[PDB]
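Worksheet: one structure, shown below.
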Amino acid sequence: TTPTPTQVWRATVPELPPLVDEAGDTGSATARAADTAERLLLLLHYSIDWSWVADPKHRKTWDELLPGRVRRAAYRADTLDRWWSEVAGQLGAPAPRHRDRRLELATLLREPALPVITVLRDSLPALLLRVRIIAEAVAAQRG
Amino acid sequence: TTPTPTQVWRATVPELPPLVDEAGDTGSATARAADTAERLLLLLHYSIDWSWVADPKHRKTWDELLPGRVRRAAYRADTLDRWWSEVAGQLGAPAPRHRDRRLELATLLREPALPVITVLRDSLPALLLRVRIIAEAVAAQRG
Amino acid sequence: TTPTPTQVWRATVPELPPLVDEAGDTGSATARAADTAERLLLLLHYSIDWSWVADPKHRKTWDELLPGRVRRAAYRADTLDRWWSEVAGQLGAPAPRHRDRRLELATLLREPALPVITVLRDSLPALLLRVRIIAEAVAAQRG
Amino acid sequence: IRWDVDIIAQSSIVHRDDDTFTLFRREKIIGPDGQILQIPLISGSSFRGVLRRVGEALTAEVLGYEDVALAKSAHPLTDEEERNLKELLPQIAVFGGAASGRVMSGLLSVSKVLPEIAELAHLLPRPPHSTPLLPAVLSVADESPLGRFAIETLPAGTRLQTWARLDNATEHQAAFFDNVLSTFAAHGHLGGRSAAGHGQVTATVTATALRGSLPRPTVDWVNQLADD
Amino acid sequence: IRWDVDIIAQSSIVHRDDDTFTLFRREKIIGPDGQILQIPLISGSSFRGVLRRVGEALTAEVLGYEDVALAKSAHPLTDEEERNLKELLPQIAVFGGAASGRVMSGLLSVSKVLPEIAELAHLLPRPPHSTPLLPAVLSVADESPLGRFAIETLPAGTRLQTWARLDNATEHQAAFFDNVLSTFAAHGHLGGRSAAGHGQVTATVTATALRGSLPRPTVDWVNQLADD
Amino acid sequence: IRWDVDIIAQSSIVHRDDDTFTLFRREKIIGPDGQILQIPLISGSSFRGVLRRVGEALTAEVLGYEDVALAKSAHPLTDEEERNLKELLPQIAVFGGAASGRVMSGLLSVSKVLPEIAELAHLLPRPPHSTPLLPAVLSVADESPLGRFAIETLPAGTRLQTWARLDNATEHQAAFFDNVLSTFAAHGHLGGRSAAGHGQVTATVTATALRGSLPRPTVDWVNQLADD
RNA sequence: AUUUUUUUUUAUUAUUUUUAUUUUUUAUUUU
């Protein structure tokens, strides 16, 4: 029914098939945690201005300081404290005037919430490759 | 259609005919895993600066420390954790500004993913001979 | 055209005429496997320092430990795993800075690859006599 | 009556040939398709000897062993040559022997084992693989100079196919041999280092293709006169 | 009598094969379902050797060791070949040896260990996992140039299944071997770096499946004549 | 004699693995209940090395150090192989070493540390908590470009459980090792940044479970011949 | 208008001993 605004993000790059399964989360438990982590970190790059230090690439806010800040915030428990530490760290913005993004985010901030921190630790840059690709493609369709 | 930037690597050394088959992966299952492993490890030597310790050969970053670090990262499961362990180990760089390499890499990071670790274990230096030859030849055509 | 650096090895001992045929591999199938095995094992004695245990003869690295290690590595399949087992066993070195040797070697590591293991099993020391004679003669012309 | 046995190994099967030196696996040749090849196989006499030891061990569980007078030899003492004991004693009647120079006649005939890929055994259970694959473990290096030893063996997963045969479908001897094969299927072994776990196999007996032995017959309780 | 033992590790189990270079784990092959695979396993002779050291250590706690004349060898002096001492001395009777060229016969037969996922051991305790998982710790880097070493080992949680066997249910030797397995279940170890905590395991002994040993028998107090 | 030690940290314990980049904590794997997990633990050889440094420091307080000729290596000079000094010198007899190619035998065997929640150590003092909690301090940022560093460490409140063992309850070496553990319980440390307060712990020694060492024995005053 | 019969290559042996990821680095300053 809903477009579920984290779905229309991933819909812009069909050359990358999905991670979880064909049509529903079956047969794997860490894939659900990885998908939740990717969706959560994807709803963190389009939630801010790019208001940080300015050069013509904005210093890769993307591997220059985003993995460091996400990793540093990933050393707290469980998930609400993590997002507070991140949003006070990096830039600071809840969500723009799109209530679908806000409701999806606040739905997401709680889960099993133990393996998500493990996913943010034991595989960071694959999720960053994913988020970089989706962000670049959905930017490319608005050029 | 696409140049598939791991194909234009292998195209520089026609004196080494391909491993898999004449025109398509038929009749062998371990050859697909070996080709995937060779392509994955080939997209790891041109993904970094050669930013490591500096002498006029860069200490063979090639059998001085690359097989050791690849082997050490090859003792985790399944493939995303492996690449995290490697990229945090050796140098650290996702991919340069060539989105074809990035998309091909992130397509590659998941597969059957069980026999690839076996291929990285039970035959390491043949793949290193391959990667050394292709790297040396494609460097030689830009001299 | 090419000197084919496994040919200039065998060229130093004309008192031993070749094994295969007069001018081309015709009329025998096991002779091709025997020649491939001899060339492969010849590109294994000049690929290392003689870095092993040191006495004024280097303990015949030649029948003291080379046939044992080659035989022990000859109990795996097919050829890449064999060379990994050997190079991790004996000393460990891919090839020196001579790209002709490296390209010839990596061309050689795959073949029919079934009868080569049979040749390494059912006739070891004749190949060792051959390799010892060529190594001794090409050492004697640089004395 | 013939017995077809399929034997799957559960460990390495070392079977010896006839300073830190190796020592090989017994190999017999075949001319399958015009060329000569060497293939490993346990000799058929080794299976017969293992069954002989099993039968002599089993015949002493019901007969007393406190008195005596195996692999028999030939020597003459007085040439006493009446041999009714074949009916009385069901062990030397089946497997033969030599008592006083006149050797006996054995009803049992047993064939060799054929593990590898050939055309000589009965019907195969699997699509084939390559021939020269009998890779070798490395031995124990005494370590009182630790002298490194090394043996050559079949891998733990090789199947083997064998048949044994008693021709004369006459009497209780078929049931006796059925009991012997039951023991060998239960906890049998064949090889050369059974004290180190080499040679543990599991077998199955099948295909009694002629007139079968009647159920519940006497094995050896025939009042045990216990003669020489 | 056979003894079935289940062994759960409590640390890494390094078992060596036969400049800053690695050194692998011993691997033996299986043909399980038509294809060749390499799996790690401690050789069955290593378990026998560990039990041999344990038995020789235990037999010296009740017999004096002030005089002598283990892994025996063969050499001839005068070929004295009377061997009643198997009844007198319960150590070389069970585990065998070589005294004066004529090697002994050992009643003990022990099988290999099988930790990984296969079809060769007895009944499994858990649903399986993948085969190639034997990840490796990294060693200690001497640091007098700190040369980085690295070894390969099984993880600390792997279960192992093994069986040992004495065939001849005769005499006190079953109780002696029961005492040896009690010691090995109490504070046993197997591996290659036991001085660094590698190889600590806990085992359980089960399934004496034949005629059991009578309670409270004599282990070795048979008046200790203490011959050669 | 074995010694059971419980070690409670008083600060962070950094233990390194083997541009403004981080550098992790050493992690070894376990297969506890069918799945593979990574857990942090100091390698058991590090504890042995710390005790080796403590023992060599303690043996020089009563023996003169003005003359010499630790982590020993192997090299041959003339192969002098009489080793009575194990009785004379109570340091290399316990902890082993290499003098002239022939390495020594160490009586000491020590196990790894296990801080986290598992099933491998001895009895637990507290109801458990979660596994992945080893949060990391951030380092000092040199500030001559202030390059921000960061290390990964255990928190200051983690308990650790370890056991060491000398098997041969023979002589004064038990008292010597008791003195070494007394020193380590008094002012011991283990970690990687002890110059910055990382690695301060307090321990307790318990459970001498076999034949105890007699009170007031000689540690090293055996007239100090001070040989090589 | 058989050179046929009977005839385990087998008992025994640890890849064991030794081995610190160590030493060095104010989140400084500016309202």
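The way I read the labels, and the way they are meant: chains A, B, ... in the order of the structure tokens, residue 1 as the first residue of every chain, and ligand 1 as the first ligand shown, with later ones counted on from there.
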
Inset, instruction - Show me which bits of chain E are within 9 Å of chain B, counting only C-alpha atoms, as an NGL selection string. - result: :E and (130 or 132-136 or 138)

For this session: Would you kindly return, as a count of residues only, each protein, DNA or RNA residue with an atom no farther than 10 Å from any atom of residue 16 of chain G, considering only C-alpha atoms (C1' of nucleotides) and excluding same-chain residues fewer than 3 positions away?
Result: 9

- prompt: Residues of chain C within 10 Å of chain B, using only C-alpha atoms, as a ChimeraX atom specification?
  reply: /C:79-85,87-88,92-95,99,102-110

From atom CA of residue 45 of chain E to atom CA of residue 149 of chain D the spacing works out at 12.7 Å

How would you write, as a PDB file with N, CA and C atoms, in the first residue's frame, the set of residues in chain B that DSSP gives as alpha helix (DSSP H)?
ATOM      1  N   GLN B   7      37.023  -7.212 -17.094  1.00  0.00           N
ATOM      2  CA  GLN B   7      37.319  -7.876 -18.360  1.00  0.00           C
ATOM      3  C   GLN B   7      38.457  -7.175 -19.094  1.00  0.00           C
ATOM      4  N   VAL B   8      38.463  -5.840 -19.075  1.00  0.00           N
ATOM      5  CA  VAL B   8      39.536  -5.091 -19.714  1.00  0.00           C
ATOM      6  C   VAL B   8      40.848  -5.204 -18.959  1.00  0.00           C
ATOM      7  N   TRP B   9      40.815  -5.641 -17.697  1.00  0.00           N
ATOM      8  CA  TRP B   9      42.049  -6.063 -17.045  1.00  0.00           C
ATOM      9  C   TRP B   9      42.623  -7.286 -17.743  1.00  0.00           C
ATOM     10  N   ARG B  10      41.846  -8.372 -17.794  1.00  0.00           N
ATOM     11  CA  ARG B  10      42.318  -9.640 -18.342  1.00  0.00           C
ATOM     12  C   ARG B  10      42.593  -9.572 -19.837  1.00  0.00           C
ATOM     13  N   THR B  30      34.025 -25.866  -9.872  1.00  0.00           N
ATOM     14  CA  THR B  30      35.109 -25.198  -9.165  1.00  0.00           C
ATOM     15  C   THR B  30      35.796 -24.136 -10.014  1.00  0.00           C
ATOM     16  N   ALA B  31      35.659 -24.204 -11.342  1.00  0.00           N
ATOM     17  CA  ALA B  31      36.231 -23.174 -12.200  1.00  0.00           C
ATOM     18  C   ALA B  31      35.513 -21.844 -12.031  1.00  0.00           C
ATOM     19  N   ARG B  32      34.194 -21.875 -11.822  1.00  0.00           N
ATOM     20  CA  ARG B  32      33.453 -20.653 -11.535  1.00  0.00           C
ATOM     21  C   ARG B  32      33.914 -20.013 -10.233  1.00  0.00           C
ATOM     22  N   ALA B  33      34.123 -20.820  -9.192  1.00  0.00           N
ATOM     23  CA  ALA B  33      34.628 -20.307  -7.924  1.00  0.00           C
ATOM     24  C   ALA B  33      36.038 -19.750  -8.067  1.00  0.00           C
ATOM     25  N   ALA B  34      36.895 -20.436  -8.827  1.00  0.00           N
ATOM     26  CA  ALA B  34      38.254 -19.949  -9.038  1.00  0.00           C
ATOM     27  C   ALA B  34      38.264 -18.635  -9.811  1.00  0.00           C
ATOM     28  N   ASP B  35      37.414 -18.516 -10.834  1.00  0.00           N
ATOM     29  CA  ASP B  35      37.327 -17.274 -11.594  1.00  0.00           C
ATOM     30  C   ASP B  35      36.780 -16.137 -10.743  1.00  0.00           C
ATOM     31  N   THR B  36      35.771 -16.425  -9.916  1.00  0.00           N
ATOM     32  CA  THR B  36      35.232 -15.413  -9.014  1.00  0.00           C
ATOM     33  C   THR B  36      36.285 -14.957  -8.011  1.00  0.00           C
ATOM     34  N   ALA B  37      37.068 -15.900  -7.479  1.00  0.00           N
ATOM     35  CA  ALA B  37      38.133 -15.556  -6.542  1.00  0.00           C
ATOM     36  C   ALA B  37      39.217 -14.719  -7.206  1.00  0.00           C
ATOM     37  N   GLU B  38      39.609 -15.083  -8.430  1.00  0.00           N
ATOM     38  CA  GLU B  38      40.626 -14.319  -9.144  1.00  0.00           C
ATOM     39  C   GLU B  38      40.143 -12.911  -9.455  1.00  0.00           C
ATOM     40  N   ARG B  39      38.885 -12.774  -9.885  1.00  0.00           N
ATOM     41  CA  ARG B  39      38.331 -11.455 -10.165  1.00  0.00           C
ATOM     42  C   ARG B  39      38.230 -10.612  -8.897  1.00  0.00           C
ATOM     43  N   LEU B  40      37.820 -11.229  -7.784  1.00  0.00           N
ATOM     44  CA  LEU B  40      37.698 -10.512  -6.519  1.00  0.00           C
ATOM     45  C   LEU B  40      39.056 -10.029  -6.031  1.00  0.00           C
ATOM     46  N   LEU B  41      40.067 -10.896  -6.081  1.00  0.00           N
ATOM     47  CA  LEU B  41      41.381 -10.499  -5.599  1.00  0.00           C
ATOM     48  C   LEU B  41      42.069  -9.558  -6.581  1.00  0.00           C
ATOM     49  N   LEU B  42      41.692  -9.602  -7.862  1.00  0.00           N
ATOM     50  CA  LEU B  42      42.187  -8.620  -8.818  1.00  0.00           C
ATOM     51  C   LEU B  42      41.586  -7.249  -8.552  1.00  0.00           C
ATOM     52  N   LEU B  66      50.921  -9.461   0.859  1.00  0.00           N
ATOM     53  CA  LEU B  66      49.565  -9.651   0.346  1.00  0.00           C
ATOM     54  C   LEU B  66      49.016 -11.059   0.574  1.00  0.00           C
ATOM     55  N   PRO B  67      49.737 -12.161   0.276  1.00  0.00           N
ATOM     56  CA  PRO B  67      49.157 -13.482   0.584  1.00  0.00           C
ATOM     57  C   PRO B  67      48.914 -13.712   2.061  1.00  0.00           C
ATOM     58  N   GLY B  68      49.771 -13.174   2.931  1.00  0.00           N
ATOM     59  CA  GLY B  68      49.557 -13.331   4.360  1.00  0.00           C
ATOM     60  C   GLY B  68      48.290 -12.648   4.837  1.00  0.00           C
ATOM     61  N   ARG B  69      48.068 -11.411   4.389  1.00  0.00           N
ATOM     62  CA  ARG B  69      46.884 -10.676   4.819  1.00  0.00           C
ATOM     63  C   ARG B  69      45.614 -11.255   4.206  1.00  0.00           C
ATOM     64  N   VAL B  70      45.675 -11.676   2.938  1.00  0.00           N
ATOM     65  CA  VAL B  70      44.516 -12.299   2.302  1.00  0.00           C
ATOM     66  C   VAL B  70      44.168 -13.617   2.985  1.00  0.00           C
ATOM     67  N   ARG B  71      45.182 -14.428   3.308  1.00  0.00           N
ATOM     68  CA  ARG B  71      44.960 -15.674   4.035  1.00  0.00           C
ATOM     69  C   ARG B  71      44.365 -15.420   5.412  1.00  0.00           C
ATOM     70  N   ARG B  72      44.888 -14.417   6.126  1.00  0.00           N
ATOM     71  CA  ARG B  72      44.404 -14.127   7.471  1.00  0.00           C
ATOM     72  C   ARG B  72      42.955 -13.658   7.438  1.00  0.00           C
ATOM     73  N   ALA B  73      42.597 -12.838   6.448  1.00  0.00           N
ATOM     74  CA  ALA B  73      41.202 -12.448   6.291  1.00  0.00           C
ATOM     75  C   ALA B  73      40.334 -13.589   5.782  1.00  0.00           C
ATOM     76  N   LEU B  80      31.298 -10.786   3.208  1.00  0.00           N
ATOM     77  CA  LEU B  80      31.305  -9.385   3.618  1.00  0.00           C
ATOM     78  C   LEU B  80      32.259  -9.165   4.785  1.00  0.00           C
ATOM     79  N   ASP B  81      32.217 -10.064   5.774  1.00  0.00           N
ATOM     80  CA  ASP B  81      33.147 -10.010   6.896  1.00  0.00           C
ATOM     81  C   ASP B  81      34.585 -10.188   6.430  1.00  0.00           C
ATOM     82  N   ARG B  82      34.799 -11.048   5.429  1.00  0.00           N
ATOM     83  CA  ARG B  82      36.125 -11.224   4.847  1.00  0.00           C
ATOM     84  C   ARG B  82      36.642  -9.918   4.259  1.00  0.00           C
ATOM     85  N   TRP B  83      35.800  -9.216   3.499  1.00  0.00           N
ATOM     86  CA  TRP B  83      36.306  -8.022   2.846  1.00  0.00           C
ATOM     87  C   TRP B  83      36.494  -6.889   3.840  1.00  0.00           C
ATOM     88  N   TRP B  84      35.644  -6.811   4.873  1.00  0.00           N
ATOM     89  CA  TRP B  84      35.878  -5.869   5.967  1.00  0.00           C
ATOM     90  C   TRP B  84      37.207  -6.125   6.657  1.00  0.00           C
ATOM     91  N   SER B  85      37.489  -7.394   6.974  1.00  0.00           N
ATOM     92  CA  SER B  85      38.740  -7.733   7.642  1.00  0.00           C
ATOM     93  C   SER B  85      39.935  -7.376   6.775  1.00  0.00           C
ATOM     94  N   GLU B  86      39.830  -7.617   5.468  1.00  0.00           N
ATOM     95  CA  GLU B  86      40.931  -7.277   4.574  1.00  0.00           C
ATOM     96  C   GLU B  86      41.110  -5.767   4.458  1.00  0.00           C
ATOM     97  N   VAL B  87      40.019  -5.024   4.239  1.00  0.00           N
ATOM     98  CA  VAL B  87      40.164  -3.601   3.947  1.00  0.00           C
ATOM     99  C   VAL B  87      40.569  -2.844   5.207  1.00  0.00           C
ATOM    100  N   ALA B  88      40.165  -3.324   6.386  1.00  0.00           N
ATOM    101  CA  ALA B  88      40.686  -2.749   7.615  1.00  0.00           C
ATOM    102  C   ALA B  88      42.126  -3.176   7.847  1.00  0.00           C
ATOM    103  N   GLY B  89      42.501  -4.360   7.368  1.00  0.00           N
ATOM    104  CA  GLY B  89      43.868  -4.807   7.502  1.00  0.00           C
ATOM    105  C   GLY B  89      44.857  -4.076   6.618  1.00  0.00           C
ATOM    106  N   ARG B  99      32.583   4.284 -11.249  1.00  0.00           N
ATOM    107  CA  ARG B  99      31.413   3.585 -10.727  1.00  0.00           C
ATOM    108  C   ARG B  99      31.243   2.192 -11.313  1.00  0.00           C
ATOM    109  N   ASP B 100      31.847   1.911 -12.469  1.00  0.00           N
ATOM    110  CA  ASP B 100      31.800   0.559 -13.016  1.00  0.00           C
ATOM    111  C   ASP B 100      32.534  -0.431 -12.115  1.00  0.00           C
ATOM    112  N   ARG B 101      33.724  -0.050 -11.630  1.00  0.00           N
ATOM    113  CA  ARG B 101      34.472  -0.903 -10.708  1.00  0.00           C
ATOM    114  C   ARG B 101      33.699  -1.127  -9.418  1.00  0.00           C
ATOM    115  N   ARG B 102      33.104  -0.064  -8.881  1.00  0.00           N
ATOM    116  CA  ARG B 102      32.340  -0.140  -7.643  1.00  0.00           C
ATOM    117  C   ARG B 102      31.112  -1.028  -7.783  1.00  0.00           C
ATOM    118  N   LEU B 103      30.372  -0.879  -8.882  1.00  0.00           N
ATOM    119  CA  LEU B 103      29.174  -1.686  -9.073  1.00  0.00           C
ATOM    120  C   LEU B 103      29.527  -3.146  -9.322  1.00  0.00           C
ATOM    121  N   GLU B 104      30.595  -3.404 -10.089  1.00  0.00           N
ATOM    122  CA  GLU B 104      31.046  -4.775 -10.317  1.00  0.00           C
ATOM    123  C   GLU B 104      31.497  -5.424  -9.014  1.00  0.00           C
ATOM    124  N   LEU B 105      32.224  -4.668  -8.184  1.00  0.00           N
ATOM    125  CA  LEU B 105      32.680  -5.184  -6.901  1.00  0.00           C
ATOM    126  C   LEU B 105      31.498  -5.534  -6.012  1.00  0.00           C
ATOM    127  N   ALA B 106      30.579  -4.584  -5.812  1.00  0.00           N
ATOM    128  CA  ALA B 106      29.459  -4.829  -4.909  1.00  0.00           C
ATOM    129  C   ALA B 106      28.499  -5.880  -5.452  1.00  0.00           C
ATOM    130  N   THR B 107      28.469  -6.078  -6.771  1.00  0.00           N
ATOM    131  CA  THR B 107      27.793  -7.248  -7.311  1.00  0.00           C
ATOM    132  C   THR B 107      28.520  -8.520  -6.898  1.00  0.00           C
ATOM    133  N   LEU B 108      29.853  -8.470  -6.852  1.00  0.00           N
ATOM    134  CA  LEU B 108      30.631  -9.682  -6.633  1.00  0.00           C
ATOM    135  C   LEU B 108      30.611 -10.146  -5.175  1.00  0.00           C
ATOM    136  N   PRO B 115      32.281 -22.104  -1.523  1.00  0.00           N
ATOM    137  CA  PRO B 115      33.509 -22.625  -2.141  1.00  0.00           C
ATOM    138  C   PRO B 115      34.560 -21.571  -2.430  1.00  0.00           C
ATOM    139  N   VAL B 116      34.210 -20.283  -2.389  1.00  0.00           N
ATOM    140  CA  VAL B 116      35.193 -19.236  -2.655  1.00  0.00           C
ATOM    141  C   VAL B 116      36.250 -19.203  -1.561  1.00  0.00           C
ATOM    142  N   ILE B 117      35.833 -19.374  -0.304  1.00  0.00           N
ATOM    143  CA  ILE B 117      36.789 -19.429   0.797  1.00  0.00           C
ATOM    144  C   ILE B 117      37.680 -20.658   0.666  1.00  0.00           C
ATOM    145  N   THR B 118      37.105 -21.777   0.216  1.00  0.00           N
ATOM    146  CA  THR B 118      37.904 -22.973  -0.025  1.00  0.00           C
ATOM    147  C   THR B 118      38.921 -22.741  -1.132  1.00  0.00           C
ATOM    148  N   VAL B 119      38.552 -21.966  -2.155  1.00  0.00           N
ATOM    149  CA  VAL B 119      39.484 -21.668  -3.241  1.00  0.00           C
ATOM    150  C   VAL B 119      40.602 -20.753  -2.754  1.00  0.00           C
ATOM    151  N   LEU B 120      40.263 -19.744  -1.941  1.00  0.00           N
ATOM    152  CA  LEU B 120      41.298 -18.897  -1.346  1.00  0.00           C
ATOM    153  C   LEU B 120      42.220 -19.677  -0.421  1.00  0.00           C
ATOM    154  N   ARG B 121      41.743 -20.774   0.164  1.00  0.00           N
ATOM    155  CA  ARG B 121      42.629 -21.554   1.022  1.00  0.00           C
ATOM    156  C   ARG B 121      43.473 -22.552   0.227  1.00  0.00           C
ATOM    157  N   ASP B 122      42.832 -23.427  -0.550  1.00  0.00           N
ATOM    158  CA  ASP B 122      43.548 -24.565  -1.118  1.00  0.00           C
ATOM    159  C   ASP B 122      44.335 -24.234  -2.380  1.00  0.00           C
ATOM    160  N   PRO B 125      48.654 -19.296  -4.353  1.00  0.00           N
ATOM    161  CA  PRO B 125      49.672 -18.582  -5.134  1.00  0.00           C
ATOM    162  C   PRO B 125      49.455 -18.640  -6.627  1.00  0.00           C
ATOM    163  N   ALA B 126      48.672 -19.593  -7.132  1.00  0.00           N
ATOM    164  CA  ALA B 126      48.343 -19.576  -8.553  1.00  0.00           C
ATOM    165  C   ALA B 126      47.524 -18.340  -8.901  1.00  0.00           C
ATOM    166  N   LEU B 127      46.568 -17.991  -8.036  1.00  0.00           N
ATOM    167  CA  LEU B 127      45.806 -16.762  -8.216  1.00  0.00           C
ATOM    168  C   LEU B 127      46.703 -15.536  -8.096  1.00  0.00           C
ATOM    169  N   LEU B 128      47.705 -15.595  -7.216  1.00  0.00           N
ATOM    170  CA  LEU B 128      48.651 -14.489  -7.110  1.00  0.00           C
ATOM    171  C   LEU B 128      49.544 -14.379  -8.339  1.00  0.00           C
ATOM    172  N   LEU B 129      49.929 -15.506  -8.945  1.00  0.00           N
ATOM    173  CA  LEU B 129      50.652 -15.461 -10.215  1.00  0.00           C
ATOM    174  C   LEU B 129      49.805 -14.804 -11.287  1.00  0.00           C
ATOM    175  N   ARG B 130      48.523 -15.174 -11.336  1.00  0.00           N
ATOM    176  CA  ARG B 130      47.606 -14.571 -12.297  1.00  0.00           C
ATOM    177  C   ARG B 130      47.504 -13.067 -12.090  1.00  0.00           C
ATOM    178  N   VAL B 131      47.257 -12.642 -10.850  1.00  0.00           N
ATOM    179  CA  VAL B 131      47.044 -11.225 -10.571  1.00  0.00           C
ATOM    180  C   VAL B 131      48.322 -10.433 -10.806  1.00  0.00           C
ATOM    181  N   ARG B 132      49.473 -11.011 -10.456  1.00  0.00           N
ATOM    182  CA  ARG B 132      50.756 -10.369 -10.712  1.00  0.00           C
ATOM    183  C   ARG B 132      50.997 -10.191 -12.204  1.00  0.00           C
ATOM    184  N   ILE B 133      50.650 -11.198 -13.011  1.00  0.00           N
ATOM    185  CA  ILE B 133      50.874 -11.109 -14.451  1.00  0.00           C
ATOM    186  C   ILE B 133      49.972 -10.053 -15.082  1.00  0.00           C
ATOM    187  N   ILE B 134      48.676 -10.072 -14.751  1.00  0.00           N
ATOM    188  CA  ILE B 134      47.768  -9.068 -15.315  1.00  0.00           C
ATOM    189  C   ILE B 134      48.140  -7.664 -14.857  1.00  0.00           C
ATOM    190  N   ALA B 135      48.490  -7.498 -13.578  1.00  0.00           N
ATOM    191  CA  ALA B 135      48.874  -6.180 -13.085  1.00  0.00           C
ATOM    192  C   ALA B 135      50.141  -5.680 -13.764  1.00  0.00           C
ATOM    193  N   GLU B 136      51.137  -6.558 -13.926  1.00  0.00           N
ATOM    194  CA  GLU B 136      52.385  -6.168 -14.570  1.00  0.00           C
ATOM    195  C   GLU B 136      52.161  -5.813 -16.034  1.00  0.00           C
ATOM    196  N   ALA B 137      51.310  -6.567 -16.735  1.00  0.00           N
ATOM    197  CA  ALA B 137      51.083  -6.301 -18.153  1.00  0.00           C
ATOM    198  C   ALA B 137      50.288  -5.016 -18.366  1.00  0.00           C
ATOM    199  N   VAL B 138      49.259  -4.785 -17.545  1.00  0.00           N
ATOM    200  CA  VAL B 138      48.465  -3.577 -17.734  1.00  0.00           C
ATOM    201  C   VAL B 138      49.225  -2.357 -17.219  1.00  0.00           C
ATOM    202  N   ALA B 139      50.203  -2.556 -16.332  1.00  0.00           N
ATOM    203  CA  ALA B 139      51.125  -1.474 -16.017  1.00  0.00           C
ATOM    204  C   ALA B 139      52.091  -1.234 -17.169  1.00  0.00           C
ATOM    205  N   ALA B 140      52.524  -2.309 -17.833  1.00  0.00           N
ATOM    206  CA  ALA B 140      53.476  -2.185 -18.928  1.00  0.00           C
ATOM    207  C   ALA B 140      52.868  -1.476 -20.130  1.00  0.00           C
TER     208      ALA B 140
END

For chain E, the closest of D:44, D:157, D:127, D:96 counting only C-alpha atoms is D:157

(Q) Need the shell around segment 2-12 of chain D: protein/DNA/RNA residues with any atom at most 7 Å away, counting only C-alpha atoms (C1' of nucleotides). Skip same-chain ones fewer than 6 positions apart. Format as a VMD selection string? (A) (chain D and resid 153 to 166 198 to 209) or (chain E and resid 120)

Those same residues - C-alpha atoms - I'd like them written as a PDB file, in the first residue's frame.
ATOM      1  CA  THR D 153      46.970 -46.190   1.741  1.00  0.00           C
ATOM      2  CA  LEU D 154      43.537 -46.059   0.177  1.00  0.00           C
ATOM      3  CA  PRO D 155      41.305 -43.165   1.284  1.00  0.00           C
ATOM      4  CA  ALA D 156      38.513 -43.732   3.766  1.00  0.00           C
ATOM      5  CA  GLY D 157      35.609 -43.497   1.309  1.00  0.00           C
ATOM      6  CA  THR D 158      36.425 -46.161  -1.293  1.00  0.00           C
ATOM      7  CA  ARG D 159      33.859 -48.867  -1.973  1.00  0.00           C
ATOM      8  CA  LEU D 160      34.934 -52.466  -2.573  1.00  0.00           C
ATOM      9  CA  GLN D 161      33.128 -55.375  -4.222  1.00  0.00           C
ATOM     10  CA  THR D 162      33.848 -59.041  -3.528  1.00  0.00           C
ATOM     11  CA  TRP D 163      32.199 -62.445  -3.880  1.00  0.00           C
ATOM     12  CA  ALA D 164      32.827 -65.722  -2.060  1.00  0.00           C
ATOM     13  CA  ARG D 165      31.504 -69.130  -3.035  1.00  0.00           C
ATOM     14  CA  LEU D 166      30.729 -72.558  -1.630  1.00  0.00           C
ATOM     15  CA  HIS D 198      43.686 -48.427   9.836  1.00  0.00           C
ATOM     16  CA  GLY D 199      41.297 -50.892   8.238  1.00  0.00           C
ATOM     17  CA  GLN D 200      37.875 -50.407   9.816  1.00  0.00           C
ATOM     18  CA  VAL D 201      35.178 -51.285   7.272  1.00  0.00           C
ATOM     19  CA  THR D 202      31.457 -52.011   7.210  1.00  0.00           C
ATOM     20  CA  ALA D 203      30.125 -54.670   4.849  1.00  0.00           C
ATOM     21  CA  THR D 204      26.835 -56.167   3.737  1.00  0.00           C
ATOM     22  CA  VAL D 205      26.126 -59.752   2.647  1.00  0.00           C
ATOM     23  CA  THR D 206      23.665 -60.340  -0.190  1.00  0.00           C
ATOM     24  CA  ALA D 207      22.608 -62.648  -3.035  1.00  0.00           C
ATOM     25  CA  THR D 208      22.469 -66.251  -1.878  1.00  0.00           C
ATOM     26  CA  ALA D 209      21.673 -67.239  -5.448  1.00  0.00           C
TER      27      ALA D 209
ATOM     28  CA  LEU E 120      31.987 -42.069   9.309  1.00  0.00           C
TER      29      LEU E 120
END
